[PDB]
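Residue numbers (the numbering used here): 755 to 806.
See below:
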């Protein structure tokens, strides 16, 4: 019941770690799934004709 005031390291680390985490999870979850579907789709689609 006193972390708000006495806790600059928490609030300063919250938004910091939070914001950085959002951009850190979006860069990985993206390049990952992307490079996954890009190689998986391009392949399965290439080998397996008829996709529509």
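For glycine and all other residues, C-beta sits at the position ideal for the given N, C-alpha and C.
Could you tell me the distance, in whole angstroms, from the CA atom of residue 775 to the CA atom of residue 803? Position 21 of the chain shown, counted from the start, is the residue given in the question as residue 775. Position 49 of the chain shown, counted from the start, is the residue given in the question as residue 803. Straight-line Cα distance between these residues: approximately 40 Å.
Run of the alpha helix (DSSP H) containing residue 762, from where it starts to where it stops: Position 8 of the chain shown, counted from the first residue, corresponds to residue 762. From DSSP, the alpha helix (DSSP H) with residue 762 extends over 762-801.
Rounded straight-line distance, which links the Cα of residue 769 to that of residue 755: Stepping through the chain shown from its first residue, residue 755 is reached at position 1. Stepping through the chain shown from its first residue, residue 769 is reached at position 15. Those two C-alpha atoms are separated by around 20 Å.
Beta-carbon proximity list for residue 773, same chain, < 8 Å, skipping 5 on both sides: In the chain shown, residue 773 corresponds to position 19, counting from 1. Nothing meets the Cβ criterion.
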